[PDB]
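Asks: Below you will find the structure I want to go over with you.
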Amino acid sequence: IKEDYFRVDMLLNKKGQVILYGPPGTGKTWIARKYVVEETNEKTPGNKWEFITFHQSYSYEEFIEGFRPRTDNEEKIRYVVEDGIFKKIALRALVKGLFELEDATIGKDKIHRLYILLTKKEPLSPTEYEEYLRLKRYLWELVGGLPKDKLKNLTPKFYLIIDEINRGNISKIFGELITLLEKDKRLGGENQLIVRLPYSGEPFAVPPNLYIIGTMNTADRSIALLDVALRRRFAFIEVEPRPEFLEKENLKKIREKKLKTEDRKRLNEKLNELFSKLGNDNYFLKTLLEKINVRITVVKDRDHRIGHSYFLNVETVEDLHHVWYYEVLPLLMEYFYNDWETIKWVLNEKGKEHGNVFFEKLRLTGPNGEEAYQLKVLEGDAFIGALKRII
Amino acid sequence: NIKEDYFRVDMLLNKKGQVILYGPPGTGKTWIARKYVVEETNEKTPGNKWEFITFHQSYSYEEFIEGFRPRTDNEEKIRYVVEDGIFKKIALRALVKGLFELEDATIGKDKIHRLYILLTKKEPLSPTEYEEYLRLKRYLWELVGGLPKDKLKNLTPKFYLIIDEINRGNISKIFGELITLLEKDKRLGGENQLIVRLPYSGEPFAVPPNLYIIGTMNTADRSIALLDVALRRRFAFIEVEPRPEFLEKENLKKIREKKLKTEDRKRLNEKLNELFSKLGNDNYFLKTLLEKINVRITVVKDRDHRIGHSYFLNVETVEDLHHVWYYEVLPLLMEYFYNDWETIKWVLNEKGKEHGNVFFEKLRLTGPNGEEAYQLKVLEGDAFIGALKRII
Amino acid sequence: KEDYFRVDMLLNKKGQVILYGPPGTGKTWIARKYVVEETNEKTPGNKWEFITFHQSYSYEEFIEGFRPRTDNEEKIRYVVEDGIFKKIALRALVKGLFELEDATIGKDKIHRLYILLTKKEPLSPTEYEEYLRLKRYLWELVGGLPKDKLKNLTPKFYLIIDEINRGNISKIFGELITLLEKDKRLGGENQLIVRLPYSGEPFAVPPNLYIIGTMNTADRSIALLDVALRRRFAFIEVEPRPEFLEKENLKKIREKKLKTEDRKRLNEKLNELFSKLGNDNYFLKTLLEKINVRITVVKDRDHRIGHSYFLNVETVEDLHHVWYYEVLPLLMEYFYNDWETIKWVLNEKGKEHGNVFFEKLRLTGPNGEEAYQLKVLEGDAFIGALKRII
Amino acid sequence: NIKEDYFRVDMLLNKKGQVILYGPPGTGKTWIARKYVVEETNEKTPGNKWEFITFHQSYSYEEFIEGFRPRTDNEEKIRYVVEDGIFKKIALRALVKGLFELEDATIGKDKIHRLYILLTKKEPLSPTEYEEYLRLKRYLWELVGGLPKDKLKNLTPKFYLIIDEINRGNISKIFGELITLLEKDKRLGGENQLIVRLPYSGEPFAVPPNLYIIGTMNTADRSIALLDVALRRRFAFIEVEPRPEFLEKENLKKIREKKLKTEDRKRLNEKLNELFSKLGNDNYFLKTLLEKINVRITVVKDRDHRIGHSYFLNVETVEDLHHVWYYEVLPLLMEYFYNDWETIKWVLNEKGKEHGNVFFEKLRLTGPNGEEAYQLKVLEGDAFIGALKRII
Ligand SMILES: Nc1nc2c(ncn2[C@@H]2O[C@H](COP(=O)(O)OP(=O)(O)OP(O)(O)=S)[C@@H](O)[C@H]2O)c(=O)[nH]1
Ligand SMILES: Nc1nc2c(ncn2[C@@H]2O[C@H](COP(=O)(O)OP(=O)(O)OP(O)(O)=S)[C@@H](O)[C@H]2O)c(=O)[nH]1
Ligand SMILES: Nc1nc2c(ncn2[C@@H]2O[C@H](COP(=O)(O)OP(=O)(O)OP(O)(O)=S)[C@@H](O)[C@H]2O)c(=O)[nH]1
Ligand SMILES: Nc1nc2c(ncn2[C@@H]2O[C@H](COP(=O)(O)OP(=O)(O)OP(O)(O)=S)[C@@H](O)[C@H]2O)c(=O)[nH]1
Ligand SMILES: [Mg+2]
Ligand SMILES: [Mg+2]
Ligand SMILES: [Mg+2]
Ligand SMILES: [Mg+2]
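Protein chains in written order, with the UniProt record's numbering: chain X, 194 to 584; chain D, 193 to 584; chain L, 195 to 584; chain R, 193 to 584.
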């Protein structure tokens, strides 16, 4: 329950930036969204946290800093360097941390003027952008004249929760950030680094508030974080597809969490009607996902396992039929495209050819002695007898 | 029409949010995506309620949701502005049309109507009103941050985005932000409302629950197939198998007179009666012909390279069956088995035959190292049906 | 002086050093502590500057490039902006010439150039144009200086470039790949002043600049393969030393950067750690050394686990979080889906059940394949699965 | 041994026109290029008789021959002029100096000397007299286009352009339509005299026959002989091989005392004799060390992957030989053979030994599949020379 919540909370103070890696279909973004919401009490992104997600077009110029045309005057288009998503957070997490200090950072009129120009949603007019660029030069003249004891403990914890960190070209997006994402290379650490940015030339350093909880999938091995110098920075939490949630009681505890006892009585009798058709056993979908994830571990890899986001939203046996033939059996066929004696073994129907089998055998044969099976759409109670044979 | 391929799309798209109709070419995938949306939204053309786009390899992430696109102003010709793509112009359209019947936007119902005009405006946005468009966009994502999740579960329109040949583009790159939004409990109003932050404009963005995405990928090709396992969870794949049951005598009269409801039903029926009477009065001929080829293709080729039922659907006469055979599916069969003659003779069930009423005659000249290849024969008349009766 | 005896003696010999080594080793730390202890600057700025390279770091923003600059109301006057390197190379040369007086007439003119190089604000067009004239006066002055007075300049400047193998190292050092050598510095045996492309100005590296690269050499296909780059830079292999993971060495490291009162609590936490490890003060040393030998013999010598993973441990639970969330996903990333090796790296080649990180799944594949699963251990049973490595 | 390479460069200069000093790194092929130009042209500084240019991938056509630059004109009148690069400025300067001492070009010789001062002007040109530079250039090419090919076969001031790292830069981008001019048959004075116009400014251009392009080129990155098809036919290639004759005690004393020939050169002799007394009794130790490691490189990898003689050229004591060996060449030898311990041991020819004063001690562990990998060992003192003695 709170174990994955506490495990994120421990590693985000030790290493600084956690990564929830796992097979797709488990609670990676969910346990990352529930962590930042329950720690910052802010249900929508804004000042205290910002959700982004990476892709191949999420380059360096729009993440940290780059040139961006902006004039706000319908004339005299001013080619100025604008800060990306990260530098608008790390400068915000710094100047929010420079409020609670007593007398070390003597900027109490000039720091709050910089914070109100960093959280301003309306884009910056040039008569106030020259104030923002001048106060930011004051900030890195201020930071550097502060002791490390009055800079390590900055109070408000900021989070840049990112998603699909492996999907973007992570060594290119992280530019100057490739040497700043340790816990002791930030501000306030034992070895602080006021590193210099290329484009604007103004120096930069991450504050100790900003934590980067970044979820990724590791079934695509084409794009996995194999740089061995961006696995030292991050702390990698294993989020395995846990079939413990697909019980009768654990599915009743999860799916009846936010219903206010109105449709909960409808949900209770619907799950009572689902498991009465599976054989009066409370432990069906637990060992169904277990006997598939074990049988897909020994064949493909540990990482291509079926998650528990597929079967978690079933209500009746019809909804299990529409999540079997339309979400996971097309997924199981594209692991093993025209590899038929293997996909027959994942459903352990290897001796079973005809009858209540998902892949019935074609009565034809080949000229060179080959054969291929055909998918059989089953319905009714014969579908469950074709499914209970997996267990 | 409403029996299987309509009622299993509408049930699954309302449950998962996104549907991919994967299947071999020649099957009603683009058609069942087009028929379902037009019969739902009651708008036979794109525009307001739904948008039909298609993917390709020249398709950009910058032209899908958000990118820097240089526009042409009057006095400054090279002006680089950030322009929303087609998905951000249908996700914002599905949001501000659904937000006409809400009760927490009571300060800016005129501002939501003004934002809906700027999104329905097919004219290019002048820079005097583009800042009015950007001020209303950042007002919108301030308004849904103060909207409860109980009121964003039911938005009364139903907007659709039929993307066609989804698998052709770089779907991991086109769906940049959409690889974590496209889920039923990760849109607005769901159990996990996620408002991600876009790169270029810096404005937050979240797919509304009003939207639905009906992809129709093709799975005959394999280098463009959708193997992204983190993306196959977002969608809900519906295999539309090529059904030969749409090629019987009663089924061809029921499929071709439903659309053409003119006075030529007496003309089509006497022509379809004459076509099957030349086929030996076999009402299940073309059903058996497509079935005994798709099974014989499944066993030697992949199961997703099968002949669809869109080739033999538009047949009218034996002369029209001769045109759809020698020019559409027989060059297709010579493309599947390209100089593999022992297979393509077997698929047409002419394996022992090498002379006479046959599609591929054997050449009477062998090669130097023992190789031997065959030759097409343009058949006609009742000898052509005698070469088709050997398949079934 | 245990590792500056190599670094400070190779800078006076060659001019620049690349501290290459597998990650988790003090390559950035040695390169930062050496520069800070010599220039007496705890922060960058005047006497040194920290940058790093990446794939989107190009030639125009490093040394010299074109850049539009509209100040308040003027048209877009395309100024040429000097990159990071020329704002260190000119700054080392002008601070070099400011201390001596042989023929450098105009010490107020050289001081006027030094103020216009440490400007935090961007230069106004009434001040940039006089900055362009004084830079032309600088190279006309240096071109009439003897080599005996330019071979030594006391303010040793430093440009530390972390991750030097990331950026396109031939595209970055464009006019700099035949200037960084000690023989071709501004005052060496062959004083070579090359002409820069964009601004047209002459430019040569002054003999103050020491380019302290720290290349990560974990992954291949981005390392310095070109041998012209392997000659200007005198490399230093910084091996991951597990000698910093004994009891008396780890206690001496973490007390060096700590206070007086918390040092007793830090010493008590390290006594509690090695009392739970079986009174073995040589445990984390032989843990890292007998897992770096197994990585050396199978994969290669440059994918070894560093000594920055285990350096920040304070209890058995802190070793547990390092072992399961920092080096076991690292070990499963080296040998992905290759289970017969990763059992042997932990020398659990025969152990398949019990106190082992990888239990065996009970059934094999259809054609003789068998996979494992990462078992989470806790407590003294975890130590019993860790002390069998050594 | 330096005059033997000056006679080889001067032979292949007047025959071909331009030269590539290609060789493995650690050779003096930039220093041979730099000292031959200084010795022949009698100009120690890179200006007004020769020019140094380094190529890279960011080097373009606009800064090499000519492009457009803004100037310091009037305040509201910023102008884009055609500022010439380095190759156009050096070929004009070779043509202006060639016609300055010509007898038949005496029509405007008082103006050609005015054009020479503008080309040796070591600053950006003033806008009040840039049109004087433009009109004198337009006067010049009008005069050379009205002169025969008899008086242009040779010009006595021989200019040079030392191009360093010529394989780094993309030679097709910076030589747009002007790579054909470099041949002696197509220069300004051959029978195929080709005065090509330039794509900017409308100015004609043709390189004079005295401008020589002495290129230096690494050939150990990837290039062997087939990487440079756009310049492999125009340029004469000279293998500047690593000579280990410069590591003898008689040669090392003469090289370092060539520049520092003051009283401290005596202090070098008592320092160099201290080195060659710790290497045994011989003076041929560093020569045989480089020869018996360069033979063991050219027998495994390639000829031009060879260790040059510039690493060992700056040693004075055993400590500096310790710094050259463990930090510059053995971290260079480990990257020649990345994780192949059966042959990097054999380059140091200690293949029988596994430990005991070897640079690569063997780990006591074996492998599962049979892999055995060694480990670098730092040696110091008389043990290191005992490990260097077994190489020779
Ligand atoms: N209550 C509860 N819900 C869970 C849990 N795990 C997954 N879910 C539900 O499953 C759904 C999908 O999980 P999600 O986090 O989105 O997968 P994902 O890892 O992000 O998928 P991916 O493509 O990025 S790899 C979420 O809506 C979440 O509510 C869990 O442990 N507890
Ligand atoms: N009435 C009716 N027509 C059908 C049916 N299935 C296919 N068709 C016909 O097939 C024709 C084309 O099929 P279509 O859906 O467009 O193939 P497709 O999905 O585009 O094939 P692909 O190249 O993208 S892979 C249409 O003219 C349509 O009328 C059906 O079930 N009923
Ligand atoms: N006291 C002390 N600390 C060290 C030593 N070596 C490493 N460390 C610590 O380990 C941490 C990480 O070392 P660091 O230098 O940053 O690795 P790195 O070279 O940057 O790693 P990478 O960038 O190649 S991935 C540093 O913060 C430093 O405090 C050492 O020798 N002595
Ligand atoms: N006196 C003398 N010095 C030499 C000789 N060969 C090399 N050197 C010295 O060795 C140094 C290296 O030579 P250099 O020409 O700079 O290499 P390079 O061609 O630039 O190497 P690269 O750029 O291809 S990687 C020079 O500084 C020069 O002083 C020689 O034959 N005689
Ligand atoms: Mg996610
Ligand atoms: Mg289609
Ligand atoms: Mg580093
Ligand atoms: Mg050179």
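All residues carry an ideal CB built from backbone N, CA and C; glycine is no exception.
1) For X/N443, would you say it is in contact with chain D, using Cβ-to-Cβ distances shorter than 8 Å as the test?
2) Using a Cβ-Cβ distance cut-off of 8 Å, determine whether L/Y325 contacts chain R.
3) Using a Cβ-Cβ cutoff of 8 Å, what residues of the region 196-229 of chain L are near chain R? List them in chain order.
4) If contact means a Cβ-Cβ distance below 8 Å, which residues of the region 525-543 of chain D contact chain X?
5) State yes or no: is the C-beta of D/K350 within less than 8 Å of the C-beta of D/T222?
6) Just to confirm the assignment, what range does the beta strand (DSSP E) spanning X/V274 have?
7) Give the single residue among L/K378, L/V399 and L/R414 whose Cα lies nearest to the Cα of L/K281.
8) With three or more beta-carbon pairs closer than 8 Å as the criterion, would you say the region 503-519 of chain L touches the region 461-475 of chain L?
9) Just to confirm, are X/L307 and X/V288 a CB contact at a threshold of 8 Å?
10) Starting from the N-terminal end, write out each residue whose C-beta falls within a distance shorter than 5 Å of any non-hydrogen atom of ligand 4.
11) Hey, quick one: how far does the alpha helix (DSSP H) through D/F576 stretch, first residue to last?
12) Within 7 Å: the Cβ of D/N384 and any heavy atom of ligand 1?
13) Compare the C-beta of R/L482 against all C-beta atoms of chain L and say whether one is closer than 8 Å.
14) When burial is assigned at 16 or more other CB atoms within 10 Å of the CB, is D/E258 buried or exposed?
15) At what residue ranges does the region 249-319 of chain X contain a whole run of the alpha helix (DSSP H), taking only runs of 4 or more?
16) Looking only at C-alpha atoms, which of X/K441, X/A565 and X/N461 sits nearest to X/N473?
17) Could you tell me which chain X residues have their CB closer than 7 Å to the CB of D/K365, listed as they occur along the chain?
18) Using the C-alpha atoms, what's the distance from X/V388 back to L/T246?
19) Can you name the residues of chain X whose CB is closer than 7 Å to the CB of L/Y519?
20) Give the interface partners of D/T490 over in chain X, defined as CB-CB distance under 7 Å, in chain order.
21) Just grab the DSSP bridge partners of L/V211 for me.
22) Which residue's Cα is closest to the Cα of X/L328: X/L311, X/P316, X/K341 and X/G338?
23) Indicate whether the contact test is met: 3 or more Cβ pairs, each with one atom in the region 498-505 of chain D and one in the region 206-226 of chain D, closer than 8 Å.
24) Following a CB-centred definition, is residue 155 of chain R positioned closer than 7 Å to any heavy atom of ligand 2?
25) Quick one: is X/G559 near chain D, going by C-beta distance under 8 Å?
26) What's the C-alpha gap between R/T480 and L/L353?
27) Rank X/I278, X/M526 and X/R263 by C-alpha distance to the C-alpha of X/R271 and give the top, closest one.
28) Do the region 228-243 of chain X and the region 368-379 of chain X meet, that is, are 3 or more Cβ pairs less than 8 Å apart?
29) Using Cβ-Cβ distances below 8 Å, what residues of the region 252-272 of chain L are close to chain R?
30) Against chain X, does L/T233 count as a neighbour if the rule is that its beta carbon must be under 8 Å from one of theirs?
31) Express the C-alpha separation of D/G361 and D/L444 in angstroms, rounding to a whole number.
32) Check whether the region 396-416 of chain R and the region 416-433 of chain L are in contact - that is, three or more C-beta pairs closer than 8 Å.
33) Following the continuous beta strand (DSSP E) through D/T246, name the residue where it begins and the one where it ends.
34) Buried or exposed: L/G382, going by 16 or more other Cβ atoms within 10 Å of its Cβ?
35) Compare the C-beta of L/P319 against all C-beta atoms of chain X and say whether one is closer than 8 Å.
Replies: In short:
1) The residue labelled residue 443 of chain X in the question sits at position 250 within the first sequence. Answer no: the Cβ-Cβ gap between X/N443 and chain D never drops below 8 Å.
2) Start at 1 with the first residue of the third sequence, and residue 325 of chain L comes out as number 131. Answer no: the Cβ-Cβ gap between L/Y325 and chain R never drops below 8 Å.
3) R200, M203, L204, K207, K208 and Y214
4) Those residues of the region 525-543 of chain D placed with their C-beta closer than 8 Å to a C-beta in chain X are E534, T535, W538 and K543, ordered along the chain.
5) Along the second sequence, read from residue 1 onward, the residue named residue 350 of chain D stands at position 158. Along the second sequence, read from residue 1 onward, the residue named residue 222 of chain D stands at position 30. The answer is no: Cβ separation not under 8 Å.
6) If you number the first sequence from 1, residue 274 of chain X lands on position 81. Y272 to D276 is the span of the beta strand (DSSP E), which, as asked, contains X/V274.
7) By 1-based counting over the third sequence, the position of residue 281 of chain L is 87. Per the Cα distances, L/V399.
8) In this structure the region 503-519 of chain L touches the region 461-475 of chain L; the number of beta carbon pairs closer than 8 Å is three or more.
9) As a working note, residue 307 of chain X is residue 114 in the first sequence. As a working note, residue 288 of chain X is residue 95 in the first sequence. The answer is yes: Cβ separation under 8 Å.
10) L/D377, L/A422, R/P217, R/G220, R/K221, R/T222, R/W223, R/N410, R/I447 and R/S502
11) Taking the second sequence and counting its residues from 1, the one referred to as residue 576 of chain D is at position 384. Following the DSSP letters along the chain, one finds D/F576 inside the alpha helix (DSSP H) bounded by residues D574 to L580.
12) Counting from 1 along the second sequence, the entry for residue 384 of chain D is found at position 192. For ligand 1, at least one heavy atom lies less than 7 Å from the Cβ of D/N384.
13) By 1-based counting over the fourth sequence, the position of residue 482 of chain R is 290. For R/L482, the answer is no, since every Cβ of chain L falls outside 8 Å of its Cβ.
14) Within the second sequence, numbered from 1, the residue matching residue 258 of chain D stands at position 66. With 16 or more other Cβ atoms within 10 Å, it is buried.
15) 280-290 and 303-309
16) Locating residue 473 of chain X in the first sequence gives position 280, counting from the first residue. Checking every option, the nearest Cα to that of X/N473 belongs to X/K441.
17) Within the second sequence, the letter at position 173 stands for residue 365 of chain D. Those within 7 Å of D/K365 in chain X are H248, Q249 and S250.
18) As a working mapping, residue 246 of chain L is identified with position 52 in the third sequence. As a working mapping, residue 388 of chain X is identified with position 195 in the first sequence. Distance between the alpha carbons of L/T246 and X/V388 is about 8 Å.
19) On the third sequence, position 325 is the one that residue 519 of chain L refers to. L204, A428, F429 and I430, listed in chain order.
20) Within the second sequence, residue 490 of chain D is the residue found at index 298, counting from 1. Near D/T490 (Cβ distances below 7 Å), the residues of chain X are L555, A565 and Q567.
21) In the third sequence, the residue the question calls residue 211 of chain L occupies position 17. Note: L/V211 sits in a beta bridge opposite L/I406 and L/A428.
22) Working through the first sequence from its first residue, we reach residue 328 of chain X at position 135. Closest by alpha carbon: X/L311.
23) yes
24) Residue 155 of chain R lies beyond the stretch modelled for chain R, which goes from 193 to 584, so this question has no answer here.
25) Taking the first sequence and counting its residues from 1, one reaches residue 559 of chain X at position 366. So yes, X/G559 belongs to the interface.
26) In the fourth sequence, counting from the first residue as 1, residue 480 of chain R sits at position 288. In the third sequence, counting from the first residue as 1, residue 353 of chain L sits at position 159. Cα to Cα, R/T480 sits roughly 38 Å from L/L353.
27) Locating residue 271 of chain X in the first sequence gives position 78, counting from the first residue. Of the candidates X/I278, X/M526 and X/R263, the one whose C-alpha sits nearest the C-alpha of X/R271 is X/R263.
28) no
29) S252, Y253, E254, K269, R271 and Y272
30) Mapped onto the third sequence, residue 233 of chain L falls at position 39. L/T233 does not count as touching chain X.
31) Against the second sequence, residue 444 of chain D aligns to sequence position 252. Against the second sequence, residue 361 of chain D aligns to sequence position 169. Whole-angstrom Cα-Cα distance: 35 Å.
32) yes
33) Looking up residue 246 of chain D in the second sequence gives position 54. Per DSSP, the continuous beta strand (DSSP E) segment holding D/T246 begins and ends at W242 to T246.
34) Position 188 of the third sequence holds residue 382 of chain L. Label assigned to L/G382: buried.
35) The residue given as residue 319 of chain L occupies position 125 in the third sequence. By this cut-off, L/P319 is not an interface position.
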